Amino acid sequence: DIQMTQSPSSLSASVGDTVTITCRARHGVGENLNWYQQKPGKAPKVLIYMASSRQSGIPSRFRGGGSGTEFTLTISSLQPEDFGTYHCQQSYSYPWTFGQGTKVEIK
Amino acid sequence: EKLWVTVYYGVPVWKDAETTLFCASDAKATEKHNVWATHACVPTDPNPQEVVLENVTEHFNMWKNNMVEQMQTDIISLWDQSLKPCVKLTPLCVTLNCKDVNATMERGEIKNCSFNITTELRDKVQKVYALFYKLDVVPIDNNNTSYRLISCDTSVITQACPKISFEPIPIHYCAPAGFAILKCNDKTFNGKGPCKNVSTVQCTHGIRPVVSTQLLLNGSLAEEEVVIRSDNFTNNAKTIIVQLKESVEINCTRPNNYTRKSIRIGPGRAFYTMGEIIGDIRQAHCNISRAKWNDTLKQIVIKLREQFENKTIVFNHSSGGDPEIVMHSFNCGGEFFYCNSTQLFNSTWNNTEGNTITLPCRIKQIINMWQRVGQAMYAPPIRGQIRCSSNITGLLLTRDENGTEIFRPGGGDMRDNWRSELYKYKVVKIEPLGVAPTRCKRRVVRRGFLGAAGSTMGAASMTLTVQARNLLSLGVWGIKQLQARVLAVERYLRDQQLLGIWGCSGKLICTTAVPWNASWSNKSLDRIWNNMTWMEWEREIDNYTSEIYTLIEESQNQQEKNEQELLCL
Ligand SMILES: *[C@@H]1O[C@H](CO)[C@@H](O[C@@H]2O[C@H](CO)[C@@H](O[C@@H]3O[C@H](CO)[C@@H](O)[C@H](O[C@H]4O[C@H](CO)[C@@H](O)[C@H](O)[C@@H]4O[C@H]4O[C@H](CO)[C@@H](O)[C@H](O)[C@@H]4O)[C@@H]3O)[C@H](O)[C@H]2NC(C)=O)[C@H](O)[C@H]1NC(C)=O
Ligand SMILES: *[C@@H]1O[C@H](CO)[C@@H](O[C@@H]2O[C@H](CO)[C@@H](O)[C@H](O)[C@H]2NC(C)=O)[C@H](O)[C@H]1NC(C)=O
Ligand SMILES: *[C@@H]1O[C@H](CO)[C@@H](O)[C@H](O)[C@H]1NC(C)=O
Ligand SMILES: *[C@@H]1O[C@H](CO)[C@@H](O)[C@H](O)[C@H]1NC(C)=O
Ligand SMILES: *[C@@H]1O[C@H](CO)[C@@H](O)[C@H](O)[C@H]1NC(C)=O
Ligand SMILES: *[C@@H]1O[C@H](CO)[C@@H](O)[C@H](O)[C@H]1NC(C)=O
Ligand SMILES: *[C@@H]1O[C@H](CO)[C@@H](O)[C@H](O)[C@H]1NC(C)=O
Ligand SMILES: *[C@@H]1O[C@H](CO)[C@@H](O)[C@H](O)[C@H]1NC(C)=O
Ligand SMILES: *[C@@H]1O[C@H](CO)[C@@H](O)[C@H](O)[C@H]1NC(C)=O
Ligand SMILES: *[C@@H]1O[C@H](CO)[C@@H](O)[C@H](O)[C@H]1NC(C)=O
Ligand SMILES: *[C@@H]1O[C@H](CO)[C@@H](O)[C@H](O)[C@H]1NC(C)=O
Ligand SMILES: *[C@@H]1O[C@H](CO)[C@@H](O)[C@H](O)[C@H]1NC(C)=O
Ligand SMILES: *[C@@H]1O[C@H](CO)[C@@H](O)[C@H](O)[C@H]1NC(C)=O
């Protein structure tokens with residue numbers, strides 16, 4: 001099983017700034033890393049598909065990229081609606097493991 | 001009394017030309033996987049420039065405008081590029097066992113078809129079922145329940161990738177450096193002939209690549225009145241493009257919800273089709289306000305009467321035939337609607353109930369779009385209630401005998417939709433070099449780009465810098481961008497080479513040693529410099545230009561360079 005980590009484990013920022021969450025793999029996965037947004041008490045929804053491909057309905061404020069083992073999610077012009085826990089998942093090889101998640105508090 | 005040839009660089013002279021144009025878009029409009037690939041276009045400038053050309057009258061002809069053919073080529077190439085990396089439905093051409101789905105309710109419009117699919121991935125025949133629209137399935141074996149998918153026998157059906165969006169995004173056309181686009185600003189311009197208010201732009205306004213027939217949607221409206229345009233106009237076999245003064249709001253809908261299922265075709269590939277119907281079954285329809293359409297026809301009839309003399313005008317429905325060409329059509333919401341439109345062309349005007357006209361509409365998935373044979377697209381189900389609320393801004397009419405003219409909704413190819421937006425634009429080629437007589441021998445207020453074009457040669461001659469400071473500086477748009485840059489480079493170097501040989505590489509005004517020959521133009525300098533514009537002069541000198549150039553290089557730079565070579569001693 002490919003082990004996943006994420007950094008920072010706890011993040012906070014004010015409305016309108018730009019933040020970065022980095023998801024790290026023990027082994028390379030090409031571009032096959034998905035990003036999800038989980039609201040407290042709700043199931044997550046996917047934000048980014050193959051590392052950089054954004055899901056329709058998600059505003060352009062959510063950007064991402066990277067390859068190999070180090071990937072980033074960049075959230076520009078942070079909004080109150082962006083409060084929640086972000087997760088990253090590898091689709092390259094089975095099991096499709098997840099990182100521990102990053103909690104984003106909005107101030 | 002002796003006049004000498006002098007070379008000018010930056011002459012506001014243009015000639016008609018056909019060139020490759022490149023695209024631009026509003027980078028802050030901006031979804032990817034859009035069929036129009038607008039993310040590959042150069043971002044537009046917030047400042048559009050727009051220089052009004054005083055004293056310039058230009059001849060515009062919408063029916064021979066290369067920009068329309070170029071746009072059609074780009075639109076078709078973009079569709080083929082977008083659809084290419086998608087699932088082919090070749091394995092899906094199988095015998096369908098179809099029964100009517102029982103239920104303004106529909107009466108047999110949706111069929112429940114069960115068929116068995118042979119799949120490569122495993123030797124496996126699976127009995128699957130799917131829902132299809134009546135227009136998607138062609139009956140076979142007489143009265144048997146056997147059907148096939150429409151156009152399978154004539155084309156290879158390509159499934160559109162569900163991630164592909166069909167939303168129109170305005171596309172700006174921009175001339176390569178060294179070329180310019182002239183825009184006609186006449187309020188009642190009829191599409192042909194002279195235009196008085198002509199402005200120069202680098203890029204056109206945004207054009208929404210809306211694909212429709214009979215009625216023009218979105219786009220742009222006329223400013224003063226309804227304008228009816230044609231080519232010969234006498235010839236009944238010519239499309240009449242009607243641009244409206246005020247838009248008509250048309251609200252089309254597909255009230256059914258449905259669900260979507262995926263039937264695997266092969267590894268990594270599946271057929272996306274309609275599943276169980278959620279909710280009741282209601283006919284798709286479109287609501288257009290009656291009073292607004294009534295006034296729209298009143299204005300159209302007035303203009304048609306003015307151009308066709310005081311004859312009776314009657315609007316009829318289009319002749320029966322293939323729904324793709326005899327019905328109004330559009331791709332609103334990602335689904336493809338075909339609407340009857342008869343209620344809009346069913347009245348005699350010569351010289352009463354219901355606030356809204358409801359047009360029945362039918363949904364089709366297998367589309368032989370662009371009037372081609374051998375290709376077809378399958379649009380996956382959207383699974384949603386499509387509220388459209390689009391603007392009608394123009395009509396395409398055709399003409400067919402007791403003193404009455406009969407008009408039908410219709411048109412030719414999709415080009416008619418784009419002329420409506422490109423009618424005011426012309427692409428021209430700038431040739432910044434020219435020659436003129438002056439009194440000087442070598443003896444070894446600003447308006448913007450081409451703003452002096454309508455001025456006399458004098459007064460215009462002090463703005464040559466304005467043009468000199470201009471000119472220069474893997475999909476469809478990438479290649480066209482590459483061709484545009486290479487063309488601009490080639491033209492800049494041709495001009496620089498000509499200036500280099502003459503002996504004028506560093507000057508906007510360059511004096512030569514070649515005397516002026518009275519046979520070229522037997523006119524005094526005041527008759528030339530204070531009467532003619534640079535374009536009239538260039539046309540007048542167009543028969544002797546190669547002679548002047550031959551004399552200037554031969555006698556001025558291959559002899560100056562030999563006389564100087566001898567004088568050093
Ligand atoms: C002429 O102009 C009129 C007036 O503008 C045009 O009308 C607009 O039409 C568009 C196209 O439908 C419409 O935009 C939709 O608005 C919906 C409002 O509820 C949105 O829900 C919808 O978003 C979905 O589709 C988008 C395009 O695919 C996606 O970017 C977006 O993320 C959403 O995607 C969801 O749904 C799709 C379904 O296909 C699915 O694939 C995805 O997974 C996801 O579930 C659109 O933004 C505008 O609202 C209309 N404007 C008005 C004022 O009504 C009209 O279309 C033009 N005429 C023609 C002929 O094109
Ligand atoms: C269309 O036909 C399919 C058959 O392929 C229908 O499927 C049956 O539906 C009933 C209940 O409606 C179930 O009890 C059966 O088990 C289904 N059989 C299958 C899937 O083989 C389907 O209901 C019909 N759908 C519509 C929209 O009419
Ligand atoms: C294929 O389907 C038809 C009805 O559509 C059925 O009569 C036939 O038996 C099926 N054959 C196989 C091999 O599944
Ligand atoms: C002429 O064209 C310019 C283009 O900028 C426009 O602003 C102006 O109103 C037009 N005038 C007339 C009389 O058409
Ligand atoms: C449609 O017409 C309305 C009329 O009020 C206008 O506000 C709207 O911007 C128009 N939409 C388009 C896409 O042209
Ligand atoms: C216009 O159409 C008429 C049809 O009567 C034809 O005689 C005429 O030659 C046409 N003229 C042009 C310029 O197309
Ligand atoms: C489709 O779903 C909507 C959800 O609001 C519902 O109102 C509508 O009636 C449904 N359509 C039909 C035809 O039942
Ligand atoms: C269209 O008009 C009819 C009139 O009965 C109405 O019932 C229907 O809801 C309208 N449809 C839309 C999409 O507004
Ligand atoms: C279309 O729907 C809009 C919804 O805001 C409504 O205002 C408008 O009157 C409708 N037009 C027609 C022609 O029914
Ligand atoms: C529309 O014009 C026709 C012309 O014959 C007239 O009979 C009809 O009553 C008018 N309808 C409205 C709603 O103005
Ligand atoms: C055309 O319009 C006339 C108007 O009198 C009508 O009688 C006729 O049925 C319409 N349709 C055709 C196909 O002629
Ligand atoms: C439009 O509806 C009328 C209703 O009488 C029908 O006769 C006509 O054939 C329909 N047109 C098309 C193109 O289906
Ligand atoms: C066309 O107008 C006539 C006028 O008598 C009317 O009877 C007929 O129903 C109209 N056509 C449609 C499709 O409603």
# chains A, B, ... in the order shown; residues from 1 in each chain; ligands from 1
>>> select_by_dssp(residues="stretch 184-374 of chain B", states="alpha helix (DSSP H)", output="ChimeraX atom specification")
/B:290-308,323-326
>>> write_last_selection(atoms="C-alpha atoms", output="mmCIF file, in the first residue's frame")
data_model
loop_
_atom_site.group_PDB
_atom_site.id
_atom_site.type_symbol
_atom_site.label_atom_id
_atom_site.label_comp_id
_atom_site.auth_asym_id
_atom_site.auth_seq_id
_atom_site.Cartn_x
_atom_site.Cartn_y
_atom_site.Cartn_z
ATOM 1 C CA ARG B 290 -47.080 36.395 -28.839
ATOM 2 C CA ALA B 291 -47.162 40.206 -28.668
ATOM 3 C CA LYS B 292 -43.402 40.602 -29.067
ATOM 4 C CA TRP B 293 -43.331 38.263 -32.052
ATOM 5 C CA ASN B 294 -46.334 40.092 -33.523
ATOM 6 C CA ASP B 295 -44.458 43.393 -33.405
ATOM 7 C CA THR B 296 -41.314 41.702 -34.744
ATOM 8 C CA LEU B 297 -43.244 40.527 -37.799
ATOM 9 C CA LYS B 298 -44.825 43.968 -38.163
ATOM 10 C CA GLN B 299 -41.363 45.510 -38.480
ATOM 11 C CA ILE B 300 -40.107 42.716 -40.748
ATOM 12 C CA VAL B 301 -43.155 42.993 -43.021
ATOM 13 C CA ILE B 302 -42.636 46.766 -43.265
ATOM 14 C CA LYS B 303 -39.052 46.314 -44.454
ATOM 15 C CA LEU B 304 -39.914 43.399 -46.748
ATOM 16 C CA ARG B 305 -42.747 45.435 -48.264
ATOM 17 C CA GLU B 306 -40.402 48.363 -48.841
ATOM 18 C CA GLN B 307 -37.903 46.179 -50.708
ATOM 19 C CA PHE B 308 -40.456 43.940 -52.535
ATOM 20 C CA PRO B 323 -36.157 17.435 -39.141
ATOM 21 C CA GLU B 324 -32.551 18.668 -39.016
ATOM 22 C CA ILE B 325 -33.159 21.094 -41.923
ATOM 23 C CA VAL B 326 -36.946 21.776 -41.855
#
>>> residues_near_ligand(ligand="ligand 9", cutoff="7 Å", atoms="only C-alpha atoms and all ligand atoms", output="NGL selection string")
:B and (249-251 or 287-289 or 356 or 389)
>>> write_last_selection(atoms="C-alpha atoms", output="PDB file, in the first residue's frame")
ATOM      1  CA  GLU B 249     -37.236  36.309 -25.289  1.00  0.00           C
ATOM      2  CA  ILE B 250     -37.814  32.614 -26.051  1.00  0.00           C
ATOM      3  CA  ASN B 251     -37.954  30.126 -23.143  1.00  0.00           C
ATOM      4  CA  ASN B 287     -42.726  29.410 -24.910  1.00  0.00           C
ATOM      5  CA  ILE B 288     -42.370  32.596 -26.997  1.00  0.00           C
ATOM      6  CA  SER B 289     -44.407  35.717 -26.216  1.00  0.00           C
ATOM      7  CA  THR B 356     -47.913  32.955 -25.417  1.00  0.00           C
ATOM      8  CA  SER B 389     -34.380  31.530 -21.711  1.00  0.00           C
TER       9      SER B 389
END
>>> residues_around(residues="residue A:26", least_positions_apart="2", cutoff="8 Å", atoms="only C-alpha atoms", output="PyMOL selection string")
chain A and resi 2-4+24+28+69
>>> residues_around(residues="stretch 56-59 of chain A", least_positions_apart="6", cutoff="10 Å", atoms="only C-alpha atoms", output="JSON, numbers by chain")
{"A": [46, 47, 48], "B": [30, 31, 32, 33, 163, 165]}
>>> write_last_selection(atoms="C-alpha atoms", output="PDB file, in the first residue's frame")
ATOM      1  CA  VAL A  46     -14.129  15.803  -5.391  1.00  0.00           C
ATOM      2  CA  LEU A  47     -12.455  19.074  -6.393  1.00  0.00           C
ATOM      3  CA  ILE A  48      -9.586  18.004  -8.685  1.00  0.00           C
TER       4      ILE A  48
ATOM      5  CA  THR B  30     -13.248  30.084 -18.692  1.00  0.00           C
ATOM      6  CA  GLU B  31     -13.895  26.351 -18.367  1.00  0.00           C
ATOM      7  CA  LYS B  32     -11.626  23.745 -19.935  1.00  0.00           C
ATOM      8  CA  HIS B  33     -12.837  20.921 -22.197  1.00  0.00           C
ATOM      9  CA  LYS B 163     -17.089  16.166 -20.127  1.00  0.00           C
ATOM     10  CA  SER B 165     -19.422  21.436 -22.853  1.00  0.00           C
TER      11      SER B 165
END
>>> residues_near_ligand(ligand="ligand 7", cutoff="8 Å", atoms="only C-alpha atoms and all ligand atoms", output="MDAnalysis selection string")
chainID B and resid 255:258 278:282 384:385
>>> write_last_selection(atoms="C-alpha atoms", output="short mmCIF file (atom, residue, chain, number, x, y, z; two decimals), in the first residue's frame")
data_model
loop_
_atom_site.label_atom_id
_atom_site.label_comp_id
_atom_site.auth_asym_id
_atom_site.auth_seq_id
_atom_site.Cartn_x
_atom_site.Cartn_y
_atom_site.Cartn_z
CA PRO B 255 -39.50 19.14 -18.55
CA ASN B 256 -38.54 15.47 -18.19
CA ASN B 257 -35.74 14.59 -15.76
CA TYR B 258 -34.70 11.00 -16.63
CA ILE B 278 -38.24 9.96 -13.15
CA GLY B 279 -41.48 11.88 -12.86
CA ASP B 280 -44.21 11.91 -15.46
CA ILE B 281 -43.73 12.17 -19.24
CA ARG B 282 -44.30 15.65 -20.67
CA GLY B 384 -31.63 17.68 -16.04
CA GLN B 385 -34.54 20.11 -16.50
#
>>> select_by_dssp(residues="stretch 49-85 of chain A", states="strand (DSSP E or B)", output="PyMOL selection string")
chain A and resi 54+62-67+70-75+84-85
>>> residues_near_ligand(ligand="ligand 11", cutoff="8 Å", atoms="only C-alpha atoms and all ligand atoms", output="ChimeraX atom specification")
/B:314-319,346-348,406
>>> atom_distance(atom1="atom CA of residue A:15", atom2="atom CA of residue A:38")
18.7 Å
>>> atom_distance(atom1="atom CA of residue B:141", atom2="atom CA of residue B:95")
10.3 Å
>>> residues_near_ligand(ligand="ligand 5", cutoff="8 Å", atoms="only C-alpha atoms and all ligand atoms", output="list in words")
residues 218, 219, 220, 247, 248, 249, 390 and 391 of chain B
>>> write_last_selection(atoms="C-alpha atoms", output="mmCIF file, in the first residue's frame")
data_model
loop_
_atom_site.group_PDB
_atom_site.id
_atom_site.type_symbol
_atom_site.label_atom_id
_atom_site.label_comp_id
_atom_site.auth_asym_id
_atom_site.auth_seq_id
_atom_site.Cartn_x
_atom_site.Cartn_y
_atom_site.Cartn_z
ATOM 1 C CA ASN B 218 -28.020 35.645 -28.992
ATOM 2 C CA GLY B 219 -25.370 37.335 -31.174
ATOM 3 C CA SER B 220 -26.097 41.060 -31.590
ATOM 4 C CA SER B 247 -34.654 40.886 -29.052
ATOM 5 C CA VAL B 248 -37.504 38.453 -28.406
ATOM 6 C CA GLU B 249 -37.236 36.309 -25.289
ATOM 7 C CA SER B 390 -32.447 32.587 -24.846
ATOM 8 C CA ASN B 391 -32.748 35.783 -26.926
#
>>> residues_near_ligand(ligand="ligand 12", cutoff="6 Å", atoms="only C-alpha atoms and all ligand atoms", output="VMD selection string")
chain B and resid 320 326 to 327 340 342
>>> interface_residues(of="chain A", to="chain B", cutoff="9 Å", atoms="only C-alpha atoms", output="NGL selection string")
:A and (53-54 or 56 or 60)
>>> residues_around(residues="stretch 421-426 of chain B", least_positions_apart="6", cutoff="7 Å", atoms="only C-alpha atoms", output="ChimeraX atom specification")
/B:60,62,65,181-184,191,207,219-220
>>> write_last_selection(atoms="N, CA, C and O atoms", output="PDB file, in the first residue's frame")
ATOM      1  N   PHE B  60     -17.887  47.377 -48.596  1.00  0.00           N
ATOM      2  CA  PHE B  60     -18.027  46.127 -47.866  1.00  0.00           C
ATOM      3  C   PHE B  60     -18.953  45.205 -48.645  1.00  0.00           C
ATOM      4  O   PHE B  60     -19.923  45.664 -49.256  1.00  0.00           O
ATOM      5  N   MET B  62     -20.590  41.469 -47.748  1.00  0.00           N
ATOM      6  CA  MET B  62     -20.700  40.356 -46.810  1.00  0.00           C
ATOM      7  C   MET B  62     -20.741  38.993 -47.487  1.00  0.00           C
ATOM      8  O   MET B  62     -20.398  37.993 -46.850  1.00  0.00           O
ATOM      9  N   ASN B  65     -17.054  37.595 -48.156  1.00  0.00           N
ATOM     10  CA  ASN B  65     -16.148  37.882 -47.053  1.00  0.00           C
ATOM     11  C   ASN B  65     -15.476  36.582 -46.637  1.00  0.00           C
ATOM     12  O   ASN B  65     -16.138  35.661 -46.146  1.00  0.00           O
ATOM     13  N   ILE B 181      -8.405  45.013 -39.564  1.00  0.00           N
ATOM     14  CA  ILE B 181      -9.818  44.731 -39.778  1.00  0.00           C
ATOM     15  C   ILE B 181     -10.553  46.061 -39.779  1.00  0.00           C
ATOM     16  O   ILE B 181     -10.434  46.846 -38.834  1.00  0.00           O
ATOM     17  N   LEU B 182     -11.310  46.313 -40.836  1.00  0.00           N
ATOM     18  CA  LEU B 182     -12.129  47.505 -40.946  1.00  0.00           C
ATOM     19  C   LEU B 182     -13.538  47.145 -40.508  1.00  0.00           C
ATOM     20  O   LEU B 182     -14.070  46.104 -40.904  1.00  0.00           O
ATOM     21  N   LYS B 183     -14.140  48.017 -39.706  1.00  0.00           N
ATOM     22  CA  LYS B 183     -15.481  47.824 -39.185  1.00  0.00           C
ATOM     23  C   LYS B 183     -16.374  48.930 -39.719  1.00  0.00           C
ATOM     24  O   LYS B 183     -16.016  50.110 -39.650  1.00  0.00           O
ATOM     25  N   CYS B 184     -17.535  48.536 -40.236  1.00  0.00           N
ATOM     26  CA  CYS B 184     -18.540  49.466 -40.730  1.00  0.00           C
ATOM     27  C   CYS B 184     -19.485  49.812 -39.591  1.00  0.00           C
ATOM     28  O   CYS B 184     -20.129  48.924 -39.023  1.00  0.00           O
ATOM     29  N   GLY B 191     -25.256  45.522 -45.701  1.00  0.00           N
ATOM     30  CA  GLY B 191     -24.407  44.376 -45.957  1.00  0.00           C
ATOM     31  C   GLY B 191     -23.617  44.422 -47.246  1.00  0.00           C
ATOM     32  O   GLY B 191     -22.732  43.578 -47.437  1.00  0.00           O
ATOM     33  N   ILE B 207     -17.861  37.099 -30.862  1.00  0.00           N
ATOM     34  CA  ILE B 207     -18.927  36.448 -31.611  1.00  0.00           C
ATOM     35  C   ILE B 207     -19.228  35.133 -30.917  1.00  0.00           C
ATOM     36  O   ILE B 207     -18.329  34.307 -30.731  1.00  0.00           O
ATOM     37  N   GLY B 219     -26.024  36.449 -30.216  1.00  0.00           N
ATOM     38  CA  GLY B 219     -25.370  37.335 -31.174  1.00  0.00           C
ATOM     39  C   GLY B 219     -25.511  38.808 -30.816  1.00  0.00           C
ATOM     40  O   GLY B 219     -25.257  39.214 -29.677  1.00  0.00           O
ATOM     41  N   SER B 220     -25.925  39.624 -31.793  1.00  0.00           N
ATOM     42  CA  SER B 220     -26.097  41.060 -31.590  1.00  0.00           C
ATOM     43  C   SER B 220     -27.312  41.566 -32.359  1.00  0.00           C
ATOM     44  O   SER B 220     -27.755  40.958 -33.336  1.00  0.00           O
TER      45      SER B 220
END
>>> residues_around(residues="residue B:556", least_positions_apart="5", cutoff="7 Å", atoms="only C-alpha atoms", output="PDB file with N, CA, C and O atoms, in the first residue's frame")
ATOM      1  N   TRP B 502      16.955  49.991 -51.600  1.00  0.00           N
ATOM      2  CA  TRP B 502      16.745  51.345 -52.153  1.00  0.00           C
ATOM      3  C   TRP B 502      17.748  52.294 -51.546  1.00  0.00           C
ATOM      4  O   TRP B 502      18.259  53.153 -52.259  1.00  0.00           O
ATOM      5  N   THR B 512      15.508  59.966 -53.134  1.00  0.00           N
ATOM      6  CA  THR B 512      16.336  59.257 -54.101  1.00  0.00           C
ATOM      7  C   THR B 512      16.834  60.213 -55.178  1.00  0.00           C
ATOM      8  O   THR B 512      16.424  61.373 -55.262  1.00  0.00           O
ATOM      9  N   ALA B 513      17.731  59.694 -56.012  1.00  0.00           N
ATOM     10  CA  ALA B 513      18.301  60.414 -57.141  1.00  0.00           C
ATOM     11  C   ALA B 513      17.569  60.166 -58.454  1.00  0.00           C
ATOM     12  O   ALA B 513      18.036  60.628 -59.499  1.00  0.00           O
ATOM     13  N   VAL B 514      16.452  59.446 -58.442  1.00  0.00           N
ATOM     14  CA  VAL B 514      15.739  59.093 -59.665  1.00  0.00           C
ATOM     15  C   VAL B 514      14.804  60.250 -60.013  1.00  0.00           C
ATOM     16  O   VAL B 514      13.978  60.630 -59.169  1.00  0.00           O
TER      17      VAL B 514
END
>>> closest_atom_pairs(of="chain B", to="ligand 2", cutoff="9 Å", atoms="only C-alpha atoms and all ligand atoms", output="JSON lines")
{"residue": "B:98", "atom": "CA", "partner": "ligand 2", "partner_atom_place_in_ligand_line": "2 (O)", "distance": 8.9}
{"residue": "B:99", "atom": "CA", "partner": "ligand 2", "partner_atom_place_in_ligand_line": "1 (C)", "distance": 8.2}
{"residue": "B:100", "atom": "CA", "partner": "ligand 2", "partner_atom_place_in_ligand_line": "28 (O)", "distance": 8.3}
{"residue": "B:101", "atom": "CA", "partner": "ligand 2", "partner_atom_place_in_ligand_line": "28 (O)", "distance": 5.6}
{"residue": "B:102", "atom": "CA", "partner": "ligand 2", "partner_atom_place_in_ligand_line": "28 (O)", "distance": 7.7}
{"residue": "B:110", "atom": "CA", "partner": "ligand 2", "partner_atom_place_in_ligand_line": "27 (C)", "distance": 8.9}
{"residue": "B:111", "atom": "CA", "partner": "ligand 2", "partner_atom_place_in_ligand_line": "28 (O)", "distance": 7.9}
{"residue": "B:112", "atom": "CA", "partner": "ligand 2", "partner_atom_place_in_ligand_line": "1 (C)", "distance": 5.0}
{"residue": "B:113", "atom": "CA", "partner": "ligand 2", "partner_atom_place_in_ligand_line": "2 (O)", "distance": 7.0}
{"residue": "B:114", "atom": "CA", "partner": "ligand 2", "partner_atom_place_in_ligand_line": "5 (O)", "distance": 5.7}
{"residue": "B:115", "atom": "CA", "partner": "ligand 2", "partner_atom_place_in_ligand_line": "5 (O)", "distance": 8.8}
{"residue": "B:127", "atom": "CA", "partner": "ligand 2", "partner_atom_place_in_ligand_line": "5 (O)", "distance": 8.0}
{"residue": "B:128", "atom": "CA", "partner": "ligand 2", "partner_atom_place_in_ligand_line": "5 (O)", "distance": 6.4}
{"residue": "B:129", "atom": "CA", "partner": "ligand 2", "partner_atom_place_in_ligand_line": "5 (O)", "distance": 4.7}
{"residue": "B:130", "atom": "CA", "partner": "ligand 2", "partner_atom_place_in_ligand_line": "1 (C)", "distance": 7.1}
{"residue": "B:131", "atom": "CA", "partner": "ligand 2", "partner_atom_place_in_ligand_line": "27 (C)", "distance": 6.8}
{"residue": "B:258", "atom": "CA", "partner": "ligand 2", "partner_atom_place_in_ligand_line": "27 (C)", "distance": 8.7}
{"residue": "B:274", "atom": "CA", "partner": "ligand 2", "partner_atom_place_in_ligand_line": "27 (C)", "distance": 8.5}
{"residue": "B:275", "atom": "CA", "partner": "ligand 2", "partner_atom_place_in_ligand_line": "27 (C)", "distance": 6.2}
{"residue": "B:276", "atom": "CA", "partner": "ligand 2", "partner_atom_place_in_ligand_line": "27 (C)", "distance": 4.0}
{"residue": "B:277", "atom": "CA", "partner": "ligand 2", "partner_atom_place_in_ligand_line": "27 (C)", "distance": 5.1}
{"residue": "B:278", "atom": "CA", "partner": "ligand 2", "partner_atom_place_in_ligand_line": "27 (C)", "distance": 8.5}
>>> write_last_selection(atoms="N, CA and C atoms", output="compact mmCIF listing (two decimals), in the first residue's frame")
# COMPACT_ATOMS: atom_id res chain seq x y z
N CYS B 98 -37.79 -2.79 -29.84
CA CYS B 98 -38.34 -1.58 -29.23
C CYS B 98 -39.84 -1.68 -29.02
N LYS B 99 -40.27 -1.24 -27.84
CA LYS B 99 -41.68 -1.10 -27.52
C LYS B 99 -41.95 0.33 -27.08
N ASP B 100 -43.15 0.82 -27.35
CA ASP B 100 -43.49 2.18 -26.97
C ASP B 100 -43.54 2.31 -25.45
N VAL B 101 -43.11 3.46 -24.95
CA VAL B 101 -43.24 3.79 -23.53
C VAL B 101 -44.60 4.47 -23.35
N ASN B 102 -45.41 3.92 -22.45
CA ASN B 102 -46.74 4.44 -22.18
C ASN B 102 -46.69 5.56 -21.15
N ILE B 110 -41.02 8.20 -26.86
CA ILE B 110 -39.86 7.56 -26.24
C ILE B 110 -40.08 6.06 -26.33
N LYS B 111 -39.09 5.34 -26.86
CA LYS B 111 -39.16 3.90 -27.04
C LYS B 111 -38.17 3.21 -26.12
N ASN B 112 -38.62 2.08 -25.56
CA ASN B 112 -37.83 1.24 -24.66
C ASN B 112 -37.29 0.11 -25.53
N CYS B 113 -36.01 0.20 -25.88
CA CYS B 113 -35.37 -0.71 -26.82
C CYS B 113 -34.39 -1.62 -26.09
N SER B 114 -34.56 -2.93 -26.27
CA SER B 114 -33.66 -3.93 -25.72
C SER B 114 -32.90 -4.60 -26.85
N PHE B 115 -31.59 -4.75 -26.65
CA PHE B 115 -30.70 -5.28 -27.67
C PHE B 115 -29.54 -5.96 -26.97
N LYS B 127 -27.65 -8.80 -22.94
CA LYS B 127 -28.96 -8.23 -23.25
C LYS B 127 -29.18 -7.00 -22.38
N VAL B 128 -28.92 -5.82 -22.95
CA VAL B 128 -29.12 -4.54 -22.28
C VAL B 128 -30.37 -3.88 -22.85
N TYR B 129 -30.80 -2.81 -22.19
CA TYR B 129 -31.91 -2.01 -22.68
C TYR B 129 -31.61 -0.54 -22.43
N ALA B 130 -32.25 0.30 -23.23
CA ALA B 130 -32.05 1.74 -23.16
C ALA B 130 -33.28 2.41 -23.76
N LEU B 131 -33.46 3.68 -23.41
CA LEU B 131 -34.52 4.49 -23.99
C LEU B 131 -33.96 5.35 -25.11
N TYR B 258 -35.41 12.22 -16.26
CA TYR B 258 -34.70 11.00 -16.63
C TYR B 258 -33.51 10.72 -15.72
N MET B 274 -30.06 6.72 -21.69
CA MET B 274 -31.17 7.11 -20.85
C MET B 274 -31.68 5.89 -20.08
N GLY B 275 -31.96 6.09 -18.79
CA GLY B 275 -32.54 5.04 -17.96
C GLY B 275 -34.00 5.25 -17.63
N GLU B 276 -34.41 4.82 -16.44
CA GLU B 276 -35.81 4.95 -16.05
C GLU B 276 -36.23 6.41 -16.03
N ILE B 277 -37.46 6.67 -16.43
CA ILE B 277 -37.99 8.02 -16.42
C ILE B 277 -38.40 8.36 -15.00
N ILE B 278 -37.90 9.48 -14.48
CA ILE B 278 -38.24 9.96 -13.15
C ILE B 278 -39.27 11.06 -13.34
